[PDB]
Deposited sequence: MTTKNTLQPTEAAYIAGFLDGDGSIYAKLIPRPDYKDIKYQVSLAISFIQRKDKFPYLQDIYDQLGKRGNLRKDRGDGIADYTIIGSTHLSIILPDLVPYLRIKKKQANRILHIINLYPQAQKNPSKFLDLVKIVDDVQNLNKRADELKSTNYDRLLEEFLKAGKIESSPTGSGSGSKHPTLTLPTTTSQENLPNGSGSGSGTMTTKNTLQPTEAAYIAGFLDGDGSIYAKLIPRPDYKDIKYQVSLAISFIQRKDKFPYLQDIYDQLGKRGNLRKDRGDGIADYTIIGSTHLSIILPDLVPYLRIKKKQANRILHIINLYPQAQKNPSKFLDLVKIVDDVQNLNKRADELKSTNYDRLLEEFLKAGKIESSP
């Protein structure tokens, strides 16, 4: 079972980003009495091309659960179903989990009560409540609230499985301090819900080269989960910009400029997976930018790194960035290189 602290932390970061912890009950037209089995799962979702990364997480989790290279729409998932695997896996992830920690504790709890709850409609209903919380915790505010417990209490009374009086508790409307696991999580989360990117900004008032290469990493999330960004922000020495809302209900945390990324990135690189290349390329740009400012020749092949980064932030089929082709044209016609 011995899964490494920074491997557990990364996965939790990644799960909190691109994963899902959830509970559901399945109709079972062949079960003894209670015709529902409560299903429990965690999953990791990602685009087809990044499958090796899922396959890697799989291998770390003792090769439990079922991988899927393609689920139909060029997109891949790794679902771990059942209490056998989850009672081994979740204990390892729960300490590092943040956004979905509650969901994980709930699943872990359902596991504890399931044996007894299994052939007792009273204790099954009480457990179905926990299935409700989990599905609710995965919901928005404005969304319809989970009514599995209500629909089953009605089903149990009609099927004569429960006598008076019924339960219960349901809404019945009838300097650094960035340590290994701190960085590992953040890298997990950035790999999931984050972005590492470079861009050319047109600056209509520069000495010679009228562009500046802008460098950034960002974190994106729904506004309700903003405090979690506010956490990562604090943990990174309080660098960069935060938005509680950018206008469309989704928050972001953006760290622009070599100054911050010279400090932050080296902390995340060793734990970064999906976005590690982008990270190093940014560091590389930071590394050879001083000399690149004056010389249009050194600016150009540095502008290639920008293209390369933007390329990495695309699938193979997308049209590849042409900043190098456009600036080469511009520099020739401005006589800056000939």
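A.B. asks: Walk along the deposited sequence from position 1 and note every stretch that has no C-alpha coordinates.
C.D. replies: Missing C-alpha atoms (numbering from 1) occur across the ranges 1-4, 179-206, 371-373.
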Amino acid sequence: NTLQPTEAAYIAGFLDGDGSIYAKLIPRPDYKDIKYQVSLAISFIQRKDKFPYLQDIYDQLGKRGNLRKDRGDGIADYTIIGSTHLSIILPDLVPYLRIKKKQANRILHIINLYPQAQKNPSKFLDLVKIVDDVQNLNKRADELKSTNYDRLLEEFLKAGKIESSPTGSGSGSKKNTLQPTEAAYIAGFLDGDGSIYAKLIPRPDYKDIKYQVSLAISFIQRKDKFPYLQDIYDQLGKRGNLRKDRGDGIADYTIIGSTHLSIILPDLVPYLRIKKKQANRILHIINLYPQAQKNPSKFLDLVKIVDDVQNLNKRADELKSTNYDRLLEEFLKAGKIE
From here on, numbers count along this sequence of modelled residues.
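A.B. asks: Is the mean CA B factor in the deposited entry higher across 85-93 or across 161-169?
C.D. replies: Looking at the record's C-alpha B-factors, the answer is 161-169.
A.B. asks: Would you tell me which stretch averages the higher CA B-factor in the PDB entry, 176-184 or 76-84?
C.D. replies: It is 176-184.
A.B. asks: By the record's CA B-factor, is residue 235 among the lowest, middle or highest third of residues in the chain?
C.D. replies: As the PDB entry reports it, the C-alpha B-factor of residue 235 lands in the middle third of its chain.
A.B. asks: Please place residue 260 in the lowest, middle or highest third of its chain by C-alpha B factor as given in the entry.
C.D. replies: Tercile = lowest for this residue's CA B-factor.
A.B. asks: Ranked by Cα temperature factor within the chain, is residue 208 in the lowest third, the middle third or the highest third?
C.D. replies: Its C-alpha B-factor, which the entry lists for residue 208, ranks in the highest third among residues of this chain.
A.B. asks: Based on the deposited C-alpha B factors for this chain, I'd like to know if residue 118 is in the lowest, middle or highest third.
C.D. replies: Highest third.
A.B. asks: Against its chain's modelled residues, does residue 36's Cα B factor rank lowest, middle or highest third?
C.D. replies: Lowest third, going by the recorded CA B-factors of the chain.
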